[PDB]
């Protein structure tokens, strides 16, 4: 079954596609009925990484302001996080510093974070360039992938890469 157990967070602005990413990862389908996360969703999945089985306990947090206290209470103990923005929404990208600060403060400075530029399937609507996001990631010691919960592009890869880095520096 599993050799390791990593607690993962999915964090970022409301509407960035956090729940859809979790649903894509586990159910390999784009979630049809989606609505603002009404607190914090849970998912569990075991992956083969670094020659080992790693069970991920994933807490998909709410981005909405009224759930800030509730979502923040999930941070402690998290070994990894997918920090998500929407590539079509500059405001979601602008909010990354506050998400990142709070995550590293409330979980260890050790938390391994992969930046996810989600909804990359909506490239016509792009408001954040890959290169500027890569720069932000480089500067803040983040892994970085652009993802699509809709097509599944880079979704499994985001979770796998996060786990991989926890295991091997």
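Residue numbers count along the first chain shown, from 1.
Mean CA B-factor: is it higher for 108 to 116 or for 27 to 35?
Here the higher of the two C-alpha B-factor means belongs to 27 to 35.
Mean temperature factor over C-alpha atoms, higher-scoring stretch between 97 to 105 and 123 to 131
For C-alpha atoms only, the mean B-factor is higher in 97 to 105.
Give the position of residue 138 by CA B-factor within its chain, expressed as the lowest, middle or highest third.
Highest third of the chain for residue 138's C-alpha B-factor.
Chain third (lowest, middle, highest) by recorded CA B-factor, residue given as residue 54
Within its chain, residue 54 is a middle-third residue by C-alpha B-factor, going by the deposited values.
Place residue 169 in the lowest, middle or highest third of its chain's C-alpha B-factors, as listed in the PDB entry.
Top third by C-alpha B-factor.
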